[PDB]
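S.K.: show me the folded form of this:
(2 chains)
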Amino acid sequence: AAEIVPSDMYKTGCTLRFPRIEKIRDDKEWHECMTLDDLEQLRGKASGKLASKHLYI
DNA sequence: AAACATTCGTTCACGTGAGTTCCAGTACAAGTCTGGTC
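M.R.: Numbering: from 1, shown residues only, chains lettered A, B, ... in the order given. For reference, the structure is listed below:
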């Protein structure tokens, strides 16, 4: 997703911008899902934008 | 004088380069489905 933005249609209080599926993980169990704490940490890490680090070459 | 070896023009098979047709991979563009909010 491009970023995480506030919303009122979802329980987490936030929704993704431009979401798309990259892979249906057949190796991850259901209990390995993200947690609200991790989502809050990711949201606060870079002001909601999911692109933080710098391209290198 | 008679027998054997060599040479020559011919013949066949097999291999390699250039032309033509057909199909797969690639590129791009448009269509279709979806997401989010105000």
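S.K.: C-alpha only now, for contacts and for neighbours.
M.R.: Fine.
S.K.: return the residues of chain A in contact with DNA strand B.
M.R.: Residues of chain A lying near DNA strand B by Cα under 7 Å from any atom of the strand: A:6, A:7, A:8, A:9, A:15, A:16, A:17, A:18, A:19.
S.K.: nearest to DNA strand B, of these?
M.R.: Using Cα to the nearest atom of the strand, residue A:7 is the member of these that lies nearest DNA strand B, at 3.9 Å.
S.K.: go ahead and confirm that closest one touches residue A:16.
M.R.: No: using Cα atoms under 8 Å, residue A:7 makes no contact with residue A:16, being 9.2 Å away.
S.K.: looking at these two, which is more packed in?
M.R.: Using other Cα atoms under 10 Å as the criterion, residue A:7 and residue A:16 rank with residue A:16 on top: 15 against 12.
S.K.: ok, which stretches of chain A are helices?
M.R.: Assigned by DSSP state H, the helices in chain A fall at A:36-45.
S.K.: strands of that one, start to end?
M.R.: All strands of chain A, identified by DSSP state E, fall at A:3-6, A:14-17.
S.K.: out of those, which gets nearest to residue A:52?
M.R.: Closest to residue A:52 of those is strand A:3-6 (Cα to Cα; 10.5 Å).
S.K.: for that closest one, buried residues please.
M.R.: For strand A:3-6, a neighbour-count test (16 or more other Cα atoms under 10 Å) marks A:3, A:4 as buried.
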